[PDB]
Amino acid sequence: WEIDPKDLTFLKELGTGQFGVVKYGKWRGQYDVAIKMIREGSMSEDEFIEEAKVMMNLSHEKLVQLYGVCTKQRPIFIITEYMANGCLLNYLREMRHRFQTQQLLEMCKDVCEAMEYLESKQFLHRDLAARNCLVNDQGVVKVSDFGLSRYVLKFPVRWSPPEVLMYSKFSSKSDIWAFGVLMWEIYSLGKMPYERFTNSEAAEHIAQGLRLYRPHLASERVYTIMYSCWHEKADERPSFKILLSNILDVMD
């Protein structure tokens, strides 16, 4: 639904992400909103605005909510839920936080709750990673940019299963594999997966079967969960419903 840009007030610069400039502001002084301004030529706009009608019908406490769009201008704006602590990759990298492993397992729980919701709606994320995850004033992790890789006009080699790398075979089981890499990202405190390798070198190793080592902060019970996401046989990989159950068991 077409938010009138007169309702919007811009107060803080939040920097740049996928498709460009992001800002913090208020809608009619009341609500805290994030405003993404779409850099021209970077997106398939008509296809996006069309999907945005169905993305607004989506709703989960751990999914960044879509307040609407401003597609009557040049450039077009996307209005969403305000996430004060920004990108999870930067939030994890800030060593001062002195995170407990229980805070890290709860980051996985959160994301997994958003992924179980998406999975049930048969909605694929296609680009699940800590860079597409946001953190709010309370330290909660919410899933963002769900399916935006479909409209983007540098590929996520480090989060891609072997069937995607050699054959481009996307499914629930591609998001499952990506989740496992994201669980590793969290426990490794924002470490770049397969950092010693280039995009092509990292892709070759994955196709052969090299898996991400156990991050020291992760217990064997934790590593078993993320390691079950990296099965060569996609059918052997659990669903987000199975993963969540396992996270909740380990929680205890």
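The numbering used is simple: start at 1 and walk along the sequence shown.
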#### Entry: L153-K154 interval: deposited residues absent from the model
10 or more
### Message
So, looking at the entry's B-factor column for Cα atoms, which has the higher mean, 237-245 or 8-16?
### Response
8-16
### Per the entry, higher mean C-alpha B factor between 189-197 and 49-57
189-197
### Task
Name the one of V64, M183, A203, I38 with the greatest CA B-factor according to the PDB entry.
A203
### Message
Can you tell me which of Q138, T101, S174, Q73 has the maximum CA B-factor listed in the PDB entry?
### Response
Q73
#### Entry: Where the record places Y82 (Cα B-factor, split into thirds across the chain)
middle
### Summary
Entry-reported C-alpha B-factor of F179 relative to its chain, by third, is middle
### Task
Consider only the C-alpha atoms of the modelled residues in this chain, order them by B-factor as the entry records it, and name the third containing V143: lowest, middle or highest.
middle
## Note on the structure
Chain-relative C-alpha B factor for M95 (record values, thirds): the middle
### Task
Grab the CA temperature factor for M115 from the record and place it in the lowest, middle or highest third of its chain.
lowest
